[PDB]
Amino acid sequence: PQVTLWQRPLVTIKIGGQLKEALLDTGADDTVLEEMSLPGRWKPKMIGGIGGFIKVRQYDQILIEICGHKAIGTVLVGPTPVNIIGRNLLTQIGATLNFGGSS
Amino acid sequence: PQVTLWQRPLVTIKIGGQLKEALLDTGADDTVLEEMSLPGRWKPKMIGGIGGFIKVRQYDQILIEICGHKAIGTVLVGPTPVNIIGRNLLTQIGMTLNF
Amino acid sequence: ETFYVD
């Protein structure tokens, strides 16, 4: 499917057996989710954003189904204002960013 | 031009007679550029992101050329770590997310 | 709300 940007590009995701809404975010290198129950060990890490930084829990090799497409990768969990799906997962479901043309 | 996401989706922009690099950002409602010299009046405003909020200058009806495509809209200027092109301008250049 | 991350 193709998605226009007149509205936030939100998708439904299924992770850790739970269903959530998340933003397809081409501006994020990483995937960051609001605090939630994940299973396993994790490592501490710091990530920055427009207002500064936040500390998050880093989980590796997490399976996530993004709008019906499966992907496995790193998922960060922390005080982000919104669930964001970053490039580390966007590449796995083949998202491309197209625009304009002429040629 | 189709763009894959294995690397950051950076583009060259021209605004206020100056050339800059900026990130195409589907996760941003607004366009936010690092402190730069723009002409005209503005309004103080605050916006948030991961990490909290920052205060910015809100410039209206700014002409920007993004990768060779013209658009006019609101441009915020402030302490952002990277120049970001948000949806307010992405729609104007027919930007689509496909997968 | 303006969301890139690094």
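The analysis underlying the following values was restricted to heavy atoms, covering all of them including side chains, and did not include hydrogens, waters or symmetry mates. Quick note on labels: first sequence line is chain A, next is B, and so on, each numbered from 1.
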Handout entry: Contact class of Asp25(A) relative to chain C, heavy atoms under 4.5 angstrom
Key = side chain

Completion exercise
Of the listed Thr80(A), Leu76(A), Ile84(A), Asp29(A), the one with the largest count of heavy-atom pairs under 4.5 Å with chain C is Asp29(A)

Handout entry: Electrostatic pair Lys43(A)-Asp60(A), nearest N-O below 4.0 angstrom
Key = yes

Practice task
For residues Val75(A) and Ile15(A), determine if any side-chain heavy atom of one lies less than 4.5 Å from a side-chain heavy atom of the other.
Solution key: yes

Exercise for the section: Against chain C, label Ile54(A) side chain, backbone, both or neither, depending on which of its atoms sit under 4.5 Å from a heavy atom there. Expected result: neither

Practice task
To the nearest 0.5 Å, tell me how far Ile66(A) CD1 sits from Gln92(A) CD.
Solution key: 8.0 Å

Handout entry: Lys20(A) bridged to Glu34(A) by N-O distance under 4.0 Å
Key = no

